[PDB]
Amino acid sequence: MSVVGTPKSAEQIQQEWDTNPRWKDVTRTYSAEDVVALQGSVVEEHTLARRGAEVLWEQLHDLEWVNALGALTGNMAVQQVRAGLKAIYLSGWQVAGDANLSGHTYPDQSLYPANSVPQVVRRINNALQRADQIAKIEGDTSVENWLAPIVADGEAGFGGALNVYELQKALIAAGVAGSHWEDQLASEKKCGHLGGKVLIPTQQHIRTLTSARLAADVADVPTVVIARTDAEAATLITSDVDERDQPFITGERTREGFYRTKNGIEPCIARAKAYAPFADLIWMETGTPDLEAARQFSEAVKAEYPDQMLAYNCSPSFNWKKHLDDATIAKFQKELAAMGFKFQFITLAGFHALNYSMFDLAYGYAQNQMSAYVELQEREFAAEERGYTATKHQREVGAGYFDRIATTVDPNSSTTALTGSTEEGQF
Amino acid sequence: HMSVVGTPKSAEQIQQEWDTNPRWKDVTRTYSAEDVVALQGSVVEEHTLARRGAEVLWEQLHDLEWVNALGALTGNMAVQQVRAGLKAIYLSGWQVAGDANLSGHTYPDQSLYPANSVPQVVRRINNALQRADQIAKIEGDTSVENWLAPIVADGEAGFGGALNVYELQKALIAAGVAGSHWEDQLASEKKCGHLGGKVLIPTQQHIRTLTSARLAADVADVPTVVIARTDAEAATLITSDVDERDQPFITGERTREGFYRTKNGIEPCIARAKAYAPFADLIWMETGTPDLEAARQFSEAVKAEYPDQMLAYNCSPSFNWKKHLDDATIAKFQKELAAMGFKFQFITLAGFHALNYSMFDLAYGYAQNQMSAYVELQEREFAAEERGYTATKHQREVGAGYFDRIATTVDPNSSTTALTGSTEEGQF
Amino acid sequence: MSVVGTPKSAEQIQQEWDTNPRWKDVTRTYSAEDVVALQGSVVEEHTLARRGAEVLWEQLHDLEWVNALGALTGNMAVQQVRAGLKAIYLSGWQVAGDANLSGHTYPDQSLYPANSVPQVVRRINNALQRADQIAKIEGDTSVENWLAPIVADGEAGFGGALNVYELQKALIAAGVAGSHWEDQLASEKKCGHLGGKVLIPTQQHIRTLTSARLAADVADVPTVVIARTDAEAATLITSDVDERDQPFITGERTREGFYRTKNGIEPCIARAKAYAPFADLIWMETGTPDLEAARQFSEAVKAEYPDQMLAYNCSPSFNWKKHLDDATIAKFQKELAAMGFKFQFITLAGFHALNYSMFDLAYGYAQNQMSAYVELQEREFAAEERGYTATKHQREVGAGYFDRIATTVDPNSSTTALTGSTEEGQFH
Amino acid sequence: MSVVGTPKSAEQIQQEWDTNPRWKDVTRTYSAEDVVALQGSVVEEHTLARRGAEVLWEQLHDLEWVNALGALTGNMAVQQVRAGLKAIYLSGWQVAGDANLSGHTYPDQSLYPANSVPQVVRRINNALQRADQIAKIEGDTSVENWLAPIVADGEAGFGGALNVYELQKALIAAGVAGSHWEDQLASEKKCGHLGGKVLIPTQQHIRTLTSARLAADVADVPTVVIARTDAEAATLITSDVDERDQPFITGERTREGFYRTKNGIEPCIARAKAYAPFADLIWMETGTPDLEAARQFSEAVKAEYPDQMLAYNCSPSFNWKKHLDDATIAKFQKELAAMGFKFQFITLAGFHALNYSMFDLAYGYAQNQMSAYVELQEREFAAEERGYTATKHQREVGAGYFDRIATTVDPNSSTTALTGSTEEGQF
Ligand SMILES: [Mg+2]
Ligand SMILES: [Mg+2]
Ligand SMILES: [Mg+2]
Ligand SMILES: [Mg+2]
Ligand SMILES: [Mg+2]
Ligand SMILES: [Mg+2]
Ligand SMILES: [Mg+2]
Ligand SMILES: [Mg+2]
């Protein structure tokens with residue numbers, strides 16, 4: 001037939017696992033032959049998933065740390081890279097609130113269709129590709145890498161291990177670079193800073209992490225796998241079967257049949273250590289922005305897994321000035337990086353930037369009409385010194401690029417967009 | 001027997017409504033009431049939000065000094081606009097093309113995206129307003145009397161022929177649109193009004209479009225507001241010279257494609273506006289500058305033949321406002337326009353610029369000072385609570401308390417509610 | 001500012017519950033005031049959900065029984081109604097296999113996105129509507145009701161109570177007439193005739209049926225709620241918390257923490273008795289198609305609730321010529337109806353009809369090329385005297401209907417479809 | 001700062017056009033530098049679009065003729081390959097009637113959303129991949145290539161060249177092997193065998209074919225481009241600007257501004273010769289299944305382009321036994337293959353198979369209930385001799401394959417699907 005997409009042999013995969021330092025501390029409870037048996041006759045190449053994953057892994061070891069902001073539209077991701085950020089965080093919370101495939105506004109409880117986050121991954125890459133295409137024809141070299149890696153939210157898997165497997169597969173097809181997975185009961189998933197959280201036994205989350213790795217292996221991409229634990233605040237567990245969880249089981253039971261468990265940094269350390277061999281980065285949800293507790297978690301984990309990188313949630317669910325002074329806020333991220341928190345991200349940055357900017361505009365617009373918008377347009381003009389370009393909105397969305405396509409197909413076409421527009425004649 | 005739910009009206013009932021309801025006092029239909037019924041089948045679905053929105057919109061356009069709106073490309077965007085006191089929502093096709101269409105790609109405004117993209121955003125905006133209305137009910141919030149603000153959505157050029165026009169209107173009505181606007185451009189060469197290289201369609205062809213949009217609203221039995229837009233002020237090309245109303249502006253020369261070169265300006269806009277009036281609840285003239293004098297010329301000339309005709313005006317971000325106008329004129333702009341008959345006024349790309357600038361300003365500061373940049377935003381949100389802002393408590397803004405209410409309604413003793421013990425409960 | 005979609009008061013709802021015989025045997029653990037508190041300021045009308053639910057409830061008490069076939073495309077439902085069936089069944093198995101929003105082929109384990117089945121409900125209603133429209137312009141009264149009630153698969157709700165609520169809401173928005181919900185763990189969901197099934201406690205499914213009724217009440221439509229139990233084959237359960245399930249707990253455990261339980265018709269009778277106050281119909285999956293086993297379940301349930309209607313799956317997963325003789329197969333549904341099984345359905349009928357007919361045609365096409373297809377078309381021609389109409393495929397999908405729209409907008413259009421078509425000149 | 005997805009140089013592309021025999025008779029009015037200019041920094045790999053396009057082109061030259069059937073669902077395509085067919089045809093007609101993203105039933109008039117056919121391409125490929133995966137774990141080698149190439153319907157492009165460009169790009173992203181494009185006015189597009197067809201000028205369709213090729217080159221895949229002409233029955237054209245069309249323009253006009261034109265085989269031959277340098281296959285819609293009329297079209301085109309391959313629509317819109325005897329019906333495809341019609345397809349085969357088979361069952365079901373179904377189940381049993389496998393429906397949709405994924409993740413899983421089922425016990 002054709003040699004396109006021929007699967008590699010179990011020997012090559014074993015070779016790659018043995019020699020490539022990317023897999024230096026990755027445990028696999030399945031064999032390389034098990035991967036081959038699940039790949040059929042053709043293995044689709046996932047370019048953006050591979051490139052982003054390799055770029056992400058590289059940046060986590062080159063840069064002091066990799067920091068990101070939550071993005072829920074393609075334009076958001078474009079502006080984050082344009083501004084200098086090297087990675088995009090794809091928040092599930094935000095998807096639930098304003099960008100999921102049901103069309104409804106949801107709280108962060110795994111209510112939306114399971115393929116919603118993959119579509120936002122694809123959408124973001126599409127927008128970054130368009131920005132990359134525009135920069136090439138415009139000769140704009142302000143950004144070295146427009147295809148910045150995407151770290152996406154796997155939540156609690158939307159079911160069992162097969163649901164996990166299919167979500168990770170869908171995230172890779174969309175071109176994700178990393179995905180994170182939490183140890184909550186899928187049917188009761190909550191945001192890390194909401195209540196009513198229900199843990200699942202330690203082994204079950206290792207099962208989830210193993211499933212996430214397996215799909216990345218079957219698709220043949222070094223996807224960064226992130227493990228999140230919600231044990232600092234969760235006081236409910238589904239079962240006491242796992243002996244690793246028993247020291248925190250109180251015996252008390254709820255009407256639903258859940259077991260009460262003792263929460264805090266100790267069960268997070270215990271679970272972190274158990275997840276480490278199956279996680280490229282570890283992440284513990286916390287109740288406050290507190291450097292001491294972060295250092296404490298960092299020390300206990302690195303005392304057994306010294307090279308284990310960590311991720312920290314700089315959550316807008318914290319009232320930041322209520323806990324930290326301005327000076328502590330200024331060094332918060334830099335001090336975290338010294339502890340090994342190499343991926344840091346403001347999860348709901350997109351939500352609050354979108355909701356506040358439109359309220360501020362609409363409120364002024366209701367009182368003073370055009371005066372309020374001219375205020376915004378002038379800030380846009382003033383920001384052009386800093387590299388802002390979306391003021392010329394026609395080229396920002398690719399008017400020049402499609403004019404180039406149109407002239408490539410027909411050099412004498414008289415229906416090009418940017419020639420004659422008010423943009424070229426007023427900006 | 002058989003269920004009578006959704007039994008269609010008779011032809012005589014429709015004719016009585018057309019004859020006596022003042023909504024249709026100036027609406028011309030070249031088809032009959034029996035034609036409408038003939039297309040409705042055995043069951044006519046109710047479109048609650050499209051009906052409510054259309055009625056509220058029409059009432060507001062006659063009761064308020066003028067209705068104004070801002071472009072919205074996400075559900076949360078519309079929530080804040082209504083929360084801030086706005087009484088209508090404009091759904092830009094430009095914004096949908098650039099950051100919210102079903103292809104997943106970023107497109108310029110050239111009718112490149114799938115034809116059902118805007119309807120999806122109509123349904124999304126309504127869903128988001130319904131969630132804010134639900135939350136408001138359980139929170140005792142009465143700061144907004146009508147959360148379900150009318151939506152005016154961009155129908156562009158119909159994505160093809162009359163049948164493409166019809167299905168787009170039907171899909172917008174099914175999603176709950178209050179009004180839709182249609183422009184006299186060649187769909188295969190559609191452009192934003194302030195882009196170059198526009199190709200007009202013949203006047204009679206856009207009367208076909210407006211007639212098809214009205215027909216789709218009638219078959220669906222909702223009084224959708226039909227808005228006619230003309231791009232004749234800047235377009236120098238037209239597909240054909242077949243319409244005698246267009247011929248006086250044609251020069252005679254043709255392009256290699258076969259298009260006819262035509263003379264643009266306000267004069268062909270007035271002519272097309274007069275021809276569209278019997279089929280348009282609102283008329284909209286795309287212009288190259290924000291000019292009150294030019295707006296008055298178009299208004300007086302149109303109202304001379306149809307004095308009750310309402311107009312619409314695009315306060316376009318494509319205009320460099322302070323380059324053309326002083327601050328005093330900017331402050332009175334919409335007010336002066338309202339006196340001329342421009343009763344619906346909108347900023348098309350308000351959402352694109354608010355979204356792109358806010359995220360850039362945050363990411364720029366975040367790239368240099370990390371958390372110090374975000375705390376500034378959070379502190380601004382805290383400060384905006386005096387003006388009525390609420391999204392700082394993001395958990396309840398998206399309905400965590402509402403779904404907690406659903407959960408406890410099913411199981412009052414559930415121990416897995418979301419807001420209970422949340423960091424929002426204890427820190428905000 | 002309008003009164004469209006104004007919610008009813010709690011007293012009005014409570015009065016409907018107290019007097020409308022539709023709710024005669026319906027237990028609601030929540031209050032009428034709870035329903036109102038969740039409805040915001042506007043309640044959208046769900047015309048097809050209301051009509052379908054009403055028609056369904058009417059047919060279950062007026063006809064000897066209501067039989068259906070699984071359909072996964074719009075055209076399938078059209079042909080089912082065309083051939084004389086009064087109800088459509090929407091299999092979740094079939095959606096997982098060949099019609100879900102992931103684009104992938106899935107076994108029946110709740111792997112596809114949760115809004116997949118609603119989309120097919122909307123699709124089926126859309127296709128039935130088109131046939132209804134086509135029949136009107138064609139003067140075809142051979143079918144009384146093209147909008148046959150749809151009974152859709154809710155699986156295990158795709159999570160907790162709130163996931164159940166949203167699926168029911170979406171099914172209603174899409175126009176479903178009824179939905180069935182099973183007492184399996186959504187995380188490890190399986191087809192009823194698959195292995196490794198894990199039950200949830202009796203009370204957790206009572207909570208599911210409650211959330212399902214609540215979503216219908218908030219939507220103000222009398223959706224037929226069906227309760228399904230898988231305890232006939234399942235040897236696992238998630239917890240021993242419910243004392244109604246404890247008499248079957250063996251005391252063993254699994255590595256995952258599941259509890260071994262004793263399967264059989266006995267725990268199905270018990271769970272059905274518990275589910276009865278919360279189900280318009282009750283259904284137990286069974287390992288074989290057996291009339292006596294069905295009579296045992298029937299008479300046992302009706303011993304406590306003699307007016308409880310039941311549902312039965314004549315599963316394709318069975319092997320009928322193996323078990324039963326021809327004469328028993330003929331009387332099978334008729335005898336099941338006399339026992340109270342008033343809704344019967346063949347789940348995977350669409351899957352098998354689609355896969356076999358395409359294999360049969362593709363195989364013949366491989367050997368004999370055009371000779372194979374001509375056998376089908378002549379078989380299609382022959383079926384016209386039984387009512388079949390899809391041989392003329394252009395009119396079947398609405399070519400004439402859209403000609404009517406096109407001629408209504410522009411009666412002089414020179415670009416209509418059926419005039420000059422090969423269908424017009426070659427199909428008499 | 002990675003190498004994955006690096007675009008190749010213009011001279012590297014120019015070398016493929018000059019040497020690869022795939023492009024021996026392909027005219028490109030744009031340059032290799034033009035292609036590189038539109039590719040940005042990264043070029044995604046479209047494995048299935050590449051593999052399928054290479055397989056299809058190879059089959060067209062190696063087989064007597066490649067024939068296919070219309071498929072509108074994933075399971076349909078699975079059964080077509082299972083029965084021995086080596087290609088899938090994706091009818092736009094069928095998509096409009098029962099599988100487009102609007103949810104509505106439509107006549108064949110370009111009414112549905114433009115990304116609908118790409119979705120079905122991706123869906124068909126997903127189904128074929130699932131059958132490929134199941135076949136691997138079951139040791140099934142009765143099918144050599146489950147990834148049969150897909151020929152998809154691009155209709156009239158849903159607008160201008162930029163619309164054409166985006167449809168071809170989305171089809172390629174979905175894994176298409178070929179796409180066909182017709183010379184109709186998009187806003188008035190009709191099925192070839194419906195009335196009221198309006199042609200666009202010859203040059204405008206060359207513009208379409210060029211745009212379709214450009215998108216395939218920018219995607220770096222050898223997509224098979226097929227040119228369809230509707231001039232046999234269409235008596236309308238939009239303009240008289242192209243002098244190649246004027247010898248058929250009569251001077252008559254319609255109220256809309258169209259031009260009456262003389263339909264027939266003559267303008268089909270002329271337009272075909274104009275499309276030949278821009279089309280890998282050429283396709284003339286006809287009003288009857290006539291072998292003599294096909295020869296005239298074939299020998300006329302091949303007089304100027306000897307190696308020009310042709311495609312023929314064996315349309316269900318023909319009443320076959322009203323025109324042909326059984327002897328001619330049997331040899332129809334074979335005769336066409338000898339004239340150079342190397343891609344032959346029954347467009348609406350899926351619609352009629354699905355609609356008839358369900359009416360036949362539902363009718364008998366409404367009359368004799370279970371007896372009607374057991375007849376179908378018995379015919380499915382008897383079909384196992386011929387290779388039919390969907391009778392065991394659980395494994396048919398991958399229950400066994402996902403059981404493998406489950407046991408690969410956790411060997412001791414108590415929640416496997418096929419063990420203890422009625423499939424392993426009654427089949
Ligand atoms: Mg999350
Ligand atoms: Mg590790
Ligand atoms: Mg627009
Ligand atoms: Mg008027
Ligand atoms: Mg099911
Ligand atoms: Mg009951
Ligand atoms: Mg087609
Ligand atoms: Mg050629």
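Only heavy atoms go into these numbers, but all of them, side chains included; no hydrogens, no water, no symmetry mates. Chain letters run A, B, ... following the sequence lines, proteins first, then strands; residues in each count from 1.
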Side chain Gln377(C), main chain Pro316(D), donor-acceptor under 3.5 Å: yes
Flag, side chain of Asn75(C) to backbone of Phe351(D), donor-acceptor distance under 3.5 Å: no
Donor-acceptor contact below 3.5 Å, side chain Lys190(D) vs main chain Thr415(C): yes
Short side-chain donor-acceptor distance under 3.5 Å, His323(C) and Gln426(D): yes
Sidechain-backbone polar pair: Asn355(D) side chain, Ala390(C) backbone, donor-acceptor under 3.5 Å: no
Pair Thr105(D)-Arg123(C), side-chain hydrogen bond (donor to acceptor under 3.5 Å, both in side chains): steps then yes or no: CA-CA 8 Å; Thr105(D) 299; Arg123(C) 168 69 198 121; 2.9 Å; yes
Engaged part of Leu185(D) at the chain C interface, taking heavy atoms whose separation is under 4.5 Å: neither
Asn319(D) side-chain N/O to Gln426(C) backbone N/O, donor-acceptor pair under 3.5 Å: yes
Which portion of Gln394(D) sits near chain C, non-hydrogen atoms under 4.5 angstrom: both
Residue part contacting chain C, namely of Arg395(D), when any heavy atom lies under 4.5 Å: neither
Side chain to side chain contact (heavy atoms under 4.5 Å, CB included) between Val397(C) and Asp98(D), worked out: CA-CA 8 Å; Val397(C) 300; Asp98(D) 200 32; over 6 Å; no
Which atoms of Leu111(C) approach chain D - backbone, side chain, both or neither, heavy atom under 4.5 Å: side chain
Any donor-acceptor N/O pair, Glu256(D) side chain to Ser414(C) backbone, under 3.5 Å: yes
Geometric class of the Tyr388(D)/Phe359(C) ring pair [parallel <30°, tilted 30-60°, perpendicular >60°]: tilted
